[PDB]
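Here the structure is laid out as structure tokens; the discussion comes afterwards.
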Ligand code: BCL
Ligand code: BCL
Ligand code: BCL
Ligand SMILES: CC[C@H]1c2cc3[nH]c4c(c3C)C(=O)[C@H](C(=O)OC)c4c3nc(cc4[nH]c(cc(n2)[C@@H]1C)c(C(C)=O)c4C)[C@@H](C)[C@@H]3CCC(=O)OC/C=C(\C)CCC[C@H](C)CCC[C@H](C)CCCC(C)C
Ligand SMILES: CC[C@H]1c2cc3[nH]c4c(c3C)C(=O)[C@H](C(=O)OC)c4c3nc(cc4[nH]c(cc(n2)[C@@H]1C)c(C(C)=O)c4C)[C@@H](C)[C@@H]3CCC(=O)OC/C=C(\C)CCC[C@H](C)CCC[C@H](C)CCCC(C)C
Ligand SMILES: COC(C)(C)C(=O)C/C=C(\C)CC/C=C(\C)CC/C=C(\C)CCCC/C(C)=C/CC[C@H](C)CC/C=C(\C)CCC=C(C)C
Ligand SMILES: CCCCCCCCCCCC[N+](C)(C)[O-]
Ligand SMILES: CCCCCCCCCCCC[N+](C)(C)[O-]
Ligand SMILES: CCCCCCCCCCCC[N+](C)(C)[O-]
Ligand SMILES: CCCCCCCCCCCC[N+](C)(C)[O-]
Ligand SMILES: CCCCCCCCCCCC[N+](C)(C)[O-]
Ligand SMILES: [Fe+3]
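Residue numbers (the deposited numbering), protein chains in the order written: chain H, 11 to 260; chain L, 1 to 281; chain M, 1 to 302.
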């Protein structure tokens, strides 16, 4: 019966497609390793795919995936248990060491570029013609940590030029040096900017940028990993929800 | 085993309940307190689905069906064989889904990421509770909930739809469908745009988000952007399921006639739109 | 509280972006349009520019003529009375030839001749629009994934209105151009073919339609969960894996035991959505042509 033929054929078709799709999604991370770095024995019923290469614009190289996988950074962790499957405890300060939810990835130490070979992200003072066009302008506002103290003041916005959107706040510290705060990790209020992820005292430890008009991909992973990591590691110093609600009327 | 970059993320912390008493993995899976809870609920519910399957006779998985208690049983409990097993399974299933959401919450907390994923899952759970809890309780009987069979739950849809005529005229059903279609439309476009930039004509360089905007600006005159597309996708998916749960929380509660009869409002509105010559007057 | 990245807090605006050039013939791009502050709360604020080629204009022309052919006939049914044409807008219907004409193009204008005219206009609107989504991507050096996906929707639309009616023998098999009438058509079709719920391709199609909602919900929320790590710059995370992409994979790995890549999630995405109309078209095509009662059919087979 032809309908039987058709539905039968589609299920043989569907099985092959799931095979193709699952091996396609194995171009990163694989082959699986053991908790010590060495190849793992049982790799699953799927073989790695035939490699593929991306040509990156602005003569930045190529990328072939899957290729050999190396973290290429210090991982300040230590194995807690004997058998596999248990946590790996930090050996030091995990915020400063950038492990766990403070993690970062050893990306290229160059900025991302738009379709013209220019830095994708710049401060507004150095991005020609960019201004705040709706919403509360946060420049000048004081910047408050989750312990409810003031950590600095907004001195500029860093903008994604081709996409016309805000990506970082530039926050001056007491020492007069600045830092970048991820736009998705800040609440912009009528009279302050509130940062739930960081107690006022961890702002100084935000990793810094080497050039005050560009930010490199590696710098972005360090800054964002750190801020995100304060959620778990700064919890001792995070005042309560009612404590914050009350702070309004102070 | 681990992905080649996994180890640096497998630190302690993030739990909601139990400290580190369950802070470990099994293979790729994280367990935590709610992996235990999920296992308890689903295994119990599966055990009872088997028990209800032997009371029925068959082992064919297309024939097993756990029915809700009859209508005359109102909102009270029923014996296991006559609806009671359905009622415990509904509790376990609910316990499994809720624990599953909270396990994701633990996983988010370890990884330092937003809580958007469990939040979006709650929309699916709430849609399920609309069909088996909120609507039946509002109608007076568990027997209004759907049964648990691969084909009987389908026959429930058909019987329930045709009870109020053509369900298409349900205006909230109309909206829900519009969201399901626009979601599929947007999903296809969003996978295609990223793939077409990551994989240009053979021998060319990877494209940039600038090309993605230009493609859509050229094609339709607007591009929502790389962040807006992900927000839109979530909102479309969640709006579809929201207007789905709404279209039934009103069906047999705030309205009980043929659903075609709703669209005679503007036609036969008290302004007596006599306006003859057409089919409506 | 905590920012969720659902709505932009602060909008920024620069000099108007005319876009990437590549091999686009810039003689055909409009100027930049205005900015919308409302749109910039959710997505981009800039409107335009748009490209207007030969194909785009031909498409908008036939698209209007199709629309205007239903519009002329709807005014007609309303007794040419404006107040009536508004109250019955959803009940008007431009309907295909009666079954006895078969595939003849001899239908009188008021008995499905105007339906054959509107269809020709839509046939040319859609197919020239498809050509425009190949050409726009070609002009930019991009892949043709969009136009290949748009082929899946065209498949189901061609099955309902062109391919099945011919195999069956009449234009009456096709769909009416009416807001409520095409819902009525959908219902009768299921009844006449023995409960479309028992068409195993209608079953697959629904699974994929639910799955598209499922999949975009996971992926949109996943990307939003990691926008704090630049996660929505997916192209650069494909070329240079960031902690965004790694935490996303690991959320799913720790949750369901497997996981994707920042590029292959989009392969799942394209195929989830495209199998909806691919299975759906097959299901409809086999109805009345190969199977007359899906329920009775399925009791015999399997
Ligand atoms: C003859 C039948 C009637 C009709 C009567 C009905 C009836 C009756 C109903 C709908 C409902 C729906 N209809 Mg209608 N409808 C008809 C024709 C259509 C057509 C069409 C093209 O003709 C379409 C597109 C739709 C569209 C839809 C949707 C709006 C909606 C279904 C999705 C939903 O809400 O999911 C919501 C999602 C869920 C409920 C999923 C929940 C998942 C849970 C949280 C988790 C499960 C986990 C699982 C157990 C894990 C398993 C193990 C793992 C896999 C390992 N209908 C005809 C005219 N319609 C339904 C609705 O609105 O429901 C609220 C509904 O009940
Ligand atoms: C949502 C609105 C309606 C409804 C209307 C329809 C219609 C109409 C159809 C289905 C179909 C299906 N429905 Mg139903 N269905 C509803 C409620 C549910 C619930 C639930 C707990 O709320 C579940 C789990 C299911 C499950 C399913 C699958 C058997 C099937 C494919 C759907 C799919 O891929 O979705 C998206 C989900 C995924 C892609 C993820 C994978 C989930 C897998 C497939 C679930 C397997 C469930 C298993 C067999 C039973 C529970 C197993 C436990 C381990 C004990 N339905 C309500 C009442 N459903 C289709 C079908 O073919 O039915 C025979 C079909 O045509
Ligand atoms: C009583 C009614 C019947 C029924 C009868 C049918 C029939 C009949 C059909 C479906 C179809 C579908 N049904 Mg069913 N179905 C019922 C019950 C359901 C239920 C449910 C919960 O009860 C659900 C969820 C579904 C689900 C579905 C979908 C999976 C599927 C349509 C996919 C789609 O996106 O099409 C939407 C997408 C398109 C139509 C493609 C459009 C492409 C063209 C090119 C667009 C052109 C645009 C034009 C130019 C306009 C321009 C406008 C301007 C630019 C602004 N059915 C019951 C049993 N169902 C279809 C299918 O595939 O069946 C196998 C179908 O034909
Ligand atoms: C809100 C929009 C969409 C959505 C969202 C959504 N669903 C999600 C997620 C999100 C964001 C998850 O994070 C979560 C997940 O982890 O997915 C991989 C999930 C998920 N969505 C699922 C299913 C699902 N979602 C659906 C739909 C959608 N989900 C919406 C369209 C549908 C349908 C029919 O449309 C289904 C079938 C699972 C794949 C998964 C959650 C897995 C889970 O909760 O596991 C714990 C429980 C078990 C392993 C088994 C419990 C078994 C019971 C005790 C017995 C069975 C009871 C059941 C009532 C029987 C039903 C019989 C059927 C024939 C009716
Ligand atoms: C894979 C399955 C999904 C899919 C895919 C899909 N559709 C697609 C694409 C893809 C991948 C495209 O490339 C293409 C596109 O360009 O999208 C942006 C398209 C698209 N899918 C569309 C529609 C569509 N897709 C649908 C469905 C689906 N599309 C599936 C869910 C549906 C339904 C029924 O669910 C519809 C209606 C179009 C928006 C577009 C194709 C456009 C086209 O061919 O247009 C020709 C017609 C014209 C150019 C103009 C006609 C005139 C107007 C009708 C006039 C009326 C205007 C009124 C007077 C104005 C009122 C204004 C108010 C503000 C007052
Ligand atoms: C003020 O009013 C004016 C006059 C300005 C207007 O213009 C108002 C306009 C309107 C009110 C228009 C209203 C329009 C609608 C409600 C249309 C709604 C449409 C649908 C619901 C679409 C139904 C689905 C249609 C399908 C599935 C069509 C497939 C058809 C294919 C085109 C088939 C292929 C081609 C064929 C058969 C043509 C063959 C002829 C040849 C010469 C080859
Ligand atoms: C219905 C969609 C099916 C989803 C399952 C697809 C493959 C799951 C198994 C992935 C294997 C994980 N592994 C071993 C490669 O790491
Ligand atoms: C998806 C919505 C589509 C909206 C279409 C927007 C097109 C705007 C075209 C901009 C025209 C600007 N200008 C100066 C030429 O008029
Ligand atoms: C789907 C497109 C919808 C775009 C409309 C956006 C609605 C406006 C919401 C305003 C939010 C402004 N605010 C104060 C929260 O920042
Ligand atoms: C077909 C839809 C339902 C599929 C059920 C879930 C598939 C199993 C995928 C989980 C993979 C876990 N594993 C083995 C890789 O560790
Ligand atoms: C590309 C994604 C693949 C996901 C596979 C989903 C398969 C759903 C199976 C549902 C069963 C429907 N049927 C035909 C038995 O009625
Ligand atoms: Fe994406």
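Every residue, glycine too, gets a C-beta built ideally from N, C-alpha and C.
- For residue 72/H, the uninterrupted beta strand (DSSP E) segment begins and ends at 72–75.
- Sequence-ordered contacts of the segment 121–152 of chain H with chain M read 122, 125, 134, 137, 138, 139, 140, 141, 142, 143, 144, 145, 146, 147, 148 [C-beta pairs closer than 8 Å].
- Shortest gap from the CB of residue 245/L to any heavy atom of ligand 1: under 7 Å.
- Taking 9 Å as the Cβ-Cβ cut-off, the segment 33–47 of chain H approaches chain L at 38, 39, 40, 41, 42, 43, 44, 45, 46, 47, given in chain order.
- In this model, residue 125/H and residue 28/L are separated by some 39 Å (Cα to Cα).
- Within chain L, the residues placing a beta-carbon under 9 Å from that of residue 173/H are 209, 210, 213, 225, 226, 227, ordered along the chain.
- DSSP lists no beta-bridge partner residue for residue 34/M.
- Within chain L, the residues 114, 116, 230, 231, 234 have their CB atoms less than 8 Å from the CB of residue 224/M, given in chain order.
- Fewer than three pairs of CB atoms, one per stretch, sit closer than 8 Å, so the segment 136–149 of chain M makes no contact with the segment 157–174 of chain M.
- Counting C-beta pairs closer than 8 Å gives fewer than three between the segment 42–52 of chain M and the segment 91–106 of chain M, which falls short of the contact rule.
- Here DSSP, grouped into helix, strand and coil, assigns residue 118/L to helix.
- For the segment 107–122 of chain H, the beta-carbon criterion of a distance under 8 Å to any beta-carbon of chain L is satisfied by 109, 110, 111, 112, 113, 115.
- Shortest Cα-Cα distance from residue 176/M to any of 294/M, 90/M, 21/M, 36/M involves 90/M.
- DSSP places residue 62/H in the strand class (E or B) of the three-state scheme.
- Going by C-alpha positions, residue 106/L is about 50 Å away from residue 181/M.
- Taking a beta-carbon distance threshold of 8 Å, residue 230/H counts as an interface residue toward chain M.
- Distances from the alpha-carbon of residue 82/H to those of 113/L, 4/L, 253/L, 250/L put 4/L closest.
- Closest by C-alpha distance to residue 33/M, out of 217/L, 274/L, 235/L, 261/L, is 217/L.
- Contact of residue 30/L with chain M is assigned, a C-beta pair being separated by under 8 Å.
- Considered as a whole, the segment 137–204 of chain L harbours 152–163, 171–198 as its complete alpha helix (DSSP H) runs of no fewer than 4 residues, in chain order.
- Counting along the chain, the unbroken beta strand (DSSP E) around residue 182/H starts and ends at 175–182.
- Counting of Cβ neighbours within 10 angstroms places residue 80/M among the exposed residues, the total staying below 16.
- Against residue 173/L, chain M offers no close residue; the least beta-carbon distance is about 10 Å (beta-carbon pairs closer than 9 Å).
- Under the three-state reduction of DSSP output, residue 202/M falls in the helix class.
- Contact annotation: in the segment 13–28 of chain L, residues whose CB is within less than 7 Å of a CB in chain H are 13, 14, 23, 24, 25, 26.
- Under the Cβ criterion of 8 Å, residue 71/L is not counted among the residues facing chain H.
- Under the DSSP definition of a beta bridge, residue 204/H partners with 154/H, 197/H.
- Within a 10 Å sphere around the beta-carbon of residue 227/M sit 16 or more other beta-carbons, which makes this residue buried.
- In this chain, the beta strand (DSSP E) harbouring residue 142/H covers 141–144.
- For residue 257/H, no beta strand (DSSP E) segment is defined; the enclosing uninterrupted segment is the alpha helix (DSSP H) at 251–259.
- One finds 191, 192, 193, 195, 196, 199 in chain L with Cβ atoms closer than 8 Å to the Cβ of residue 145/M, taken in chain order.
- Relative to ligand 7, residue 26/H has its C-beta separated by 7 Å or more from all heavy atoms.
- Proximity of the beta carbon of residue 243/M to ligand 1 is not indicated: no heavy atom of the ligand is located closer than 7 Å.
- Contact with chain M is found for residue 66/H, since one of that chain's Cβ atoms lies less than 8 Å from the residue's Cβ.
- Nearest to residue 53/L by alpha-carbon distance, out of 148/L, 39/L, 165/L, is 148/L.
- Across the structure, residue 55/H and residue 33/H are spaced so that their CA atoms are roughly 10 Å apart.
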